[PDB]
């Protein structure tokens, strides 16, 4: 269901990038309830699903390409922080 | 032959310088005897008409004597004098014996005299005194002198020129017989007699008194009273005044009080002229009866036969004769005439004043207006009867002649009262009432008559100042006054007269309104009037000044209004305004002024005057309604007025600009005012070409919810369908305006469509709607009927000059029967109605009872 | 720096509301324009190249019989929209963040008609004034109502709030400043023409006025200094101060919209309309200004 404030035209040509399943559950939560809030604050449309045997999650971002890059970079930085914290905890 | 002329001239010399002077003057006047008028050989009918006296008979006698002496042209071979008084008593006779009866030997000369028709001249005196009926004079003409007929038949035949067509005639009579003569006679020339001039009167006084100073004193006494001075045109009045004044001067009595009113002069002359004796009451009563009988029949000559039949004494006749009250004429032997008709009218009023078969009416008959129309002489009798009501004159008359007076005749005056308080009275009626009351010279009668007036209106000339000032001083129940002093084409003497008049403001306690129209004043009157206006005893509430001259008088009158503590309404008008504005601005700027309404009409102005007026209005904190009509405002003055209006300290609620020459730019500024202002509720714009763009700008102003205007007036404003659409668009929303006037606007079809489609919605709150001269067609009337069926809030509807006659009226009445709308008053015009329309009206009444089926300027 | 003052304004955008517009607002993100009419709110989108559009993205009507809308306000964060009018029993809050336009909580105003809208976002407070001459404060968080500022039937046509102070103005030609922390009377300043609009400088403590006679004045919050810079030939009923605090724009019955620069009150080149302009707003992005006049609205682009 397309939100009313998101134009229909921007749906075309989305950006797709992959991440790990545990990273997805850390970022968006197991219930994925935080997706609409990030969608609004970033002004882009997101889809989260696990597509590779439960190991790899696919994320699709809808919107203008600069907004796509900004959202992708923020998500990658958050995932990198989670990776660093997890590695430090496991080494401990 | 010549013996007849010899005897005639001998008798004339007995019955005969000033007389010669006036005879020569009128001989210049009259064409018949004028030396420079061609004496053509054809019949001349000369008629002399004039008021009583003035000596037309004397002129005739002098002309006949000039004929006898051969002093005149005397183209005529022989002439005769025919006295109507003798012919009055004569019975039926022939014309020849009628005319020859005076000379014992003319019967021999019958053929030569009657055949020579061109040689004979006739002179007739006192034709009105004949007493014959008009029917007898007109009917039964004849062409032969030998015929035996009654006297009036012969006189009418001679007058109608049926017999003796080559003879000439000259006749002297009262003006009443003029109509009868012009009906009966032919080829007429009419000459009027005026009488003595001013120099003649002065010379008469010089000759009677014999001294320059005394004669000048006596003359200037006569000039004091205008009514007497005019009456002096007759020699008899000059003789009476000369004798009375000479006797008063010799005795030592003050002549001015006698000269004040003519009634006192006549009464004094009558009292002095009659000798002493006893039982004069019977003689006076007989004289009064004779005067009244003669006046009723409009005659002033008495005959011996009637005197004997009534039973008169020879002694009384001689007593009247010796005093020159009545006079006997040798040529008109056995006939008596009165000294003057004025004296006869005085005696008739005296007769009615006296305590009590004849044709004498009653007092109310004389006072009745219909009889006044019947007998013109009765009005002067009314004046003298009012005058005789004076108590002092009655006491003097009872002392001298011994008669008695009745009070009931005085009550008759109040019974008729010459009622004038009604609106059917004219200006002349009020003038006559004032003149009669002044002639009365009694305060009680004037008080009792004047108590009826609730409003008064005076028009004053120089002669009108004294009586009006005497009368108006006594009225104390009036509530509205108007003045008008006409400019004439001594001031110290006039000082008390205008002092008395202006006193009405302080004496009366309900004179709320004062109006001064087209009055030209003087410095003393203006000073007194302003002293009275500025006084603290004034209680005026509405004042209207118009056309007051000169400019200094207008300015002085305006200046008295500064700080006035009672005037709440004011209106100003004038022809020249070069100094009105400074005084008006001084009045407005005053910190104590509290005038609540202001009105300027037709005043001319310039830009600077509008600027200072606007500044004074900004200073002013009192008025709530301003009316400007016909004022020559321009765009700049309108802009200054608007700048006065947008100030956050004004409180103008109602405003009118009619014929002020506005334009659409002023209308945009007005829209700005309506957006800004916070007190304007009613606005009127009439006779202004501001229809389309002006309506759009007003709409810009009106759309704002803050707008508080409740009434707009549009008249001759060229409202079109575009304006109708804009007004409908305004009306559909929740707007503040309740009323909307449209006049001389072609809204008949498209405008009607827009208004009806607006009216159908349940949201409308408009109360009143006026239509006039809109040319509403029937196909629009269908939608009008639909809208009237739909609506439930409109209260009044006015229609006129709109052709709804055949189908529109019927459809409207049928819908009115069907509908039950809330409108109360409905008015319409019907070209023609029928029985079906009448039963439709009955159905309208029975279907809705509250309707009444047959204001905006009143509200503003 | 002086470079903050703009130089040029241009526009190619037209919105056809269909009826006379009484208020306007623009989102800070520069995405949508909101116009308030007499009976309903309409929401419009800027993400297009259309010269003139007659169709909104949504129509939001009111259905109370005899209702009448008067004003609309948008908060800084581009989240909540407030609305109020005549003959309404309550004021509304509308939320933009959800995927579909849905209405939020309401608070009552029965028996009164309101023409004022101001909101302190961080404190979660809203401000409104009514024709009776009363100002009341609502809480947007817990829906509580606690305020009573009245006494003058007039002087409440315009509202501006700065921290704990509220500035009011109206037809009495008088200006008043209130304190939310005190129960005392306000402070009066007296002028000689009707006040029709207010706008406050966000950087330095100055308040801009618009007078009914075409005059413009600056009032300092220190209570002493006063300035007079500007003149127009007709009534002014709209002033708006840029978020950067360097310049403002004024509109009025003269139908002329021009840009002024602090503090000399010098004119920057202006743009003429065709009818009286009653609405003006500037985005928190400091790049767009929108106007409302007649049955239309416009969106202008600012060039520095």
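Heads up, chain B uses Swiss-Prot numbers, so what you see runs 157-172, 180-519, 529-661, 680-1044, 1057-1062.
For this deposited structure, the header notes the method as electron microscopy, 3.4 Å.
Each Cβ is built from the backbone N, Cα and C atoms, and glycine gets one as well.
Here is what Swiss-Prot says about this protein:
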BINDING   B:213, B:214, B:215, B:216, B:217, B:218, B:219, B:220  ATP binding site
REPEAT    B:812-832  repeat 'LRR 1'
REPEAT    B:841-861  repeat 'LRR 2'
REPEAT    B:869-889  repeat 'LRR 3'
REPEAT    B:898-918  repeat 'LRR 4'
REPEAT    B:926-946  repeat 'LRR 5'
REPEAT    B:955-976  repeat 'LRR 6'
REPEAT    B:983-1003  repeat 'LRR 7'
REPEAT    B:1010-1033  repeat 'LRR 8'
Revision key, fill the gap. Using a 10 Å radius on the Cβ of residue B:215 (ATP binding site), the other Cβ atoms enclosed count 17
**Study point:** Stretch with greatest number of CB pairs under 8 Å, the repeat 'LRR 2' (B:841-861) reference, B:812-832, B:926-946, B:955-976, B:983-1003, B:1010-1033 candidates
**Key:** B:812-832
Exercise for review: Would you mind checking how many other C-beta atoms are within 10 angstroms of the C-beta on residue B:218 (ATP binding site)?
Suggested key: 21
Practice item. Give residue numbers and ranges for long-range contacts of the repeat 'LRR 3' (B:869-889): same chain, 6 or more residues beyond its ends, CB-CB under 8 A. Key: 835, 840-850, 852-854, 857-858, 860-861, 863, 898-910, 912-913, 916-917, 919-920, 1061-1062
Check your understanding: Which of B:812-832, B:955-976, B:983-1003 has the most Cβ pairs closer than 8 Å to the repeat 'LRR 8' (B:1010-1033)?
Key -> B:983-1003
Check your understanding: When you tally the Cβ atoms that lie within 10 Å of each candidate's Cβ, which of the binding-site residues (B:213, B:217, B:219) has the highest tally?
Key -> B:219
Review point. Hey, how far do the C-alpha atoms of residue B:1044 and residue B:1057 sit from each other in angstrom, given the 12-residue hole?
Key: 16
Exercise for review: Note the 18 unmodelled residues between residue B:661 and residue B:680, then tell me the distance between their CA atoms, whole Å.
Suggested key: 16
**Study point:** ATP site, defined by B:213, B:214, B:215, B:216, B:217, B:218, B:219, B:220: further same-chain residues with Cβ within 8 Å of the Cβ centre
**Key:** B:356, B:358, B:397
Revision key, fill the gap. Per the Cβ filter (under 8 Å) with a sequence gap of at least 6 from its ends, the repeat 'LRR 6' (B:955-976) is approached by 921, 924, 927-939, 941-943, 945-947, 949, 983-994, 996-998, 1001-1002, 1005, 1058
Review point. Residues sitting near the repeat 'LRR 1' (B:812-832): Cβ under 8 Å, six or more positions beyond its termini, same chain?
Key: 783-795, 797, 800-801, 804, 841-853, 855-856, 859-860, 862-863
Check your understanding: How long, in Å, is the gap between the C-alpha atoms of residue B:172 and residue B:180 where 7 residues are left unmodelled?
Key -> 11
Practice item. Mind checking which residues of the chain, 6+ beyond the ends of the repeat 'LRR 7' (B:983-1003), have their Cβ under 8 Å from one of its Cβ atoms? Key: 938, 949, 954-968, 971-972, 974-975, 1011-1022, 1026-1027, 1030-1031, 1034
Review point. Out of B:214, B:216, which of the binding-site residues is least crowded by other Cβ atoms within 10 Å?
Key: B:214
Point to revise | Endpoint distance, Cα to Cα in Å, for the 9-residue gap that opens after residue B:519 and closes at residue B:529 | key: 15
**Study point:** residue B:220 (ATP binding site) CB neighbourhood, other CB atoms within 10 A
**Key:** 17
